[PDB]
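In structure tokens, the next block holds one chain alone, the form deposited in one PDB entry.
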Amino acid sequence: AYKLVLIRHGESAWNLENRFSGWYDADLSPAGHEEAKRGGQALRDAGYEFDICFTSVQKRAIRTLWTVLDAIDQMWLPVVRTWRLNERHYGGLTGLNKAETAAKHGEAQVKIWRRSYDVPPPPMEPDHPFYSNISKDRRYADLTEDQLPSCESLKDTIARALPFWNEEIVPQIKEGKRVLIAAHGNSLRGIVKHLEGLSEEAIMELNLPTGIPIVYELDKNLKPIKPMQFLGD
């Protein structure tokens, strides 16, 4: 029975998790860092070992991972980064709070964007402060013209995240390698949705705790044997 571990990063700087931090490359706040420390410690005490790690190309996730590997004394592990495990690209909404968002786009569009699974937010306009910051960052230089997102619904994020899981992670697991994924709420959501066969409703309703190792026991077809387990107290 394969063991799989996930972990969502915690709090980002300047309250950005509550401001559609999206593809903006926010660092952890000291608190989010400490949360990663607790997660690390929990993993250390349970005596978990991994053989390979996956993460996004966003620094908050990466730092969460570094913190974990440090805590569990497994810094020598192979690590693979990918935009495919990135947070949702919240487009034009990026950096904005609820109020700012509604003021810019109206209550209607806004509540639609909240309640939906497959309706994207509007894309970054040239006057948006994160415009070139994100869309011209060389970390996405390899992406095709039709592959570089400008805005993503939950469904989009999940769609660009699933093939990486399929092509890159699933092979490691079948070979018996113990996998740690350090990522983001929505991409992790992609994975959990695939694993437990949840509906759109269900997935939008689920909030994965931050900073806490999430454990899965998987059968030979990679299907969960139990509900997800948390490590700590």
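All residue numbers are counted from 1 along the displayed sequence. If you superpose the two forms and keep the largest set of C-alpha atoms that fall within 1.5 Å, you have the rigid core.
There is another form of the same protein, the form deposited in another entry; it is not shown, and what comes next is about it.
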(message) Only one of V110, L154, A71, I134 crosses a C-alpha shift of 2 angstroms between the shown form and the other one, counting 2 angstroms or more, core aligned. Which residue?
(response) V110
(message) Using the rigid core as the reference frame, would you say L16 shifts its C-alpha by 2 Å or more between the shown form and the other one?
(response) yes
(message) Thinking of the 3 angstroms or more shift, are the C-alphas of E107 and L206 brought closer or pushed farther apart in the other form than in this view?
(response) closer
(request) Kindly indicate if, in the other form, the C-alpha atoms of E168 and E17 are closer or farther apart than in the structure shown, bearing in mind the change is 3 Å or more. (result) farther
